[PDB]
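As structure tokens, one chain now follows by itself in the form solved without the named molecule.
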């Protein structure tokens, strides 16, 4: 089996908790992707509710190895703000990875669906946004401290435990990091698939990735959060953004975005990586924003 190393420990398939296929029931599809399905499931021998990620049976050996590595990567993290791997069912087909069920869904969809609307809702506030930001920043700090570069921080890759009050946001997708870990580069993708709009100059120009490249991405995620799920650089294509960003162009504040929050974004988007804050500092700054009554009492725009 292909190995995986994290935080000074090497692991393989045999260290994943295999759960008997007989113990797993699929309840409903949760909006499948183009490669692999995701289901709400239940594990019961007081049953454990889970997300079930599947591997298409029609796939290459490379795809299978990639699937195994995703399981390994996620299983070796230990943090509140990173989705848990409950186990795997690799000894039957189709292969399954069992994940913490994130009933609030992905953060981009959540923001879009829950953004104040001139009708029945308007139950989301600045504090909810700051809490999601802090949650993900905590996860990012953990990755930074463990020398793990995510490479693809973006709202689509963050998940919510539930839609209501008490939601916790967590990093839930590690496909890019997995791809680079296995191949050393984006072998499966190409220019059109790269998350250009989330990448700093040294990443898209030189292919240099560090924790400061996650800092930049996190700045874009912050804009996604505070814009309530808008696509970054809304009027621009990937190449236009590449040109815009390299020449010093940055996004304007999202509508109604408090100054102190936008300032965090602009700090994350410093041209020179050494000038960008690490995640400890980002966390401190988010927490300070959360302390400011003028920040948290700011109304979100109604569509």
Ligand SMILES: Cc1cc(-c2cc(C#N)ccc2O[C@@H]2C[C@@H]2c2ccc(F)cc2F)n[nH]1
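Shifts are known only where both forms have a C-alpha. Positions refer to the first chain, counted from 1. We call the rigid core whatever largest set of C-alpha positions still superposes within 1.5 Å between the two forms.
Residue-level annotation: residue 45 lacks coordinates in a third or more of the other entries compared, counting only those that model residues on either side of it. In the record comparison, residue 190 is unmodelled in at least a third of the other entries of this protein that model the residues flanking it. In terms of unmodelled positions of the deposited sequence, the stretch from residue 45 to residue 46 in this entry skips 4 to 9 residues.
For the pair 85-93 and 213-221, the mean Cα B-factor is higher in 85-93.
Comparing 161-169 with 126-134, the higher mean C-alpha B-factor in the PDB entry belongs to 161-169. Of the candidates 200, 190, 175, 232, the PDB record gives 190 the highest C-alpha temperature factor.
Of the residues listed, 148, 77, 226, 186, the entry assigns the biggest Cα temperature factor to 186. Per-chain ranking of the deposited C-alpha B factor places residue 205 in the highest third. In the deposited entry, the Cα temperature factor of residue 29 places it in the highest third of its chain's modelled residues. Annotation for residue 156: CA B-factor lies in the lowest third of the chain's modelled residues. The deposited CA B-factor of residue 72 belongs to the middle third of values across its chain. Per the deposited record, the Cα B-factor of residue 104 falls in the middle third when ranked against the other modelled residues of its chain.
FYI, the form solved in complex with the named molecule isn't displayed, but the following is about it.
Of the heavy atoms in residue 157, some are within 4.5 Å of the named molecule in the deposited complex. Shown alone here, residue 125 lies farther than 4.5 Å from the named molecule in the deposited complex, counting heavy atoms only. Contact annotation for residue 103: at least one heavy atom lies within 4.5 Å of the named molecule in the deposited complex. Contact check for residue 173: a heavy atom falls within 4.5 Å of the named molecule in the deposited complex.
Comment: the named molecule is not present in this chain, but in the deposited complex one of 228, 90, 99, 177 has a heavy atom within 4.5 Å of it, namely 99. Shown without its partner, this chain lists 271, 32, 250, 255 as candidates; in the deposited complex, only 32 has a non-hydrogen atom within 4.5 angstroms of the named molecule. Residues from 208-243 do not approach the named molecule in the deposited complex: none has a non-hydrogen atom within 4.5 Å of it. Listed alone, the shifted run between the shown form and the other one is 32-34, counting only residues present in both forms whose C-alphas move 2 Å or more over at least three consecutive positions once the core is aligned.
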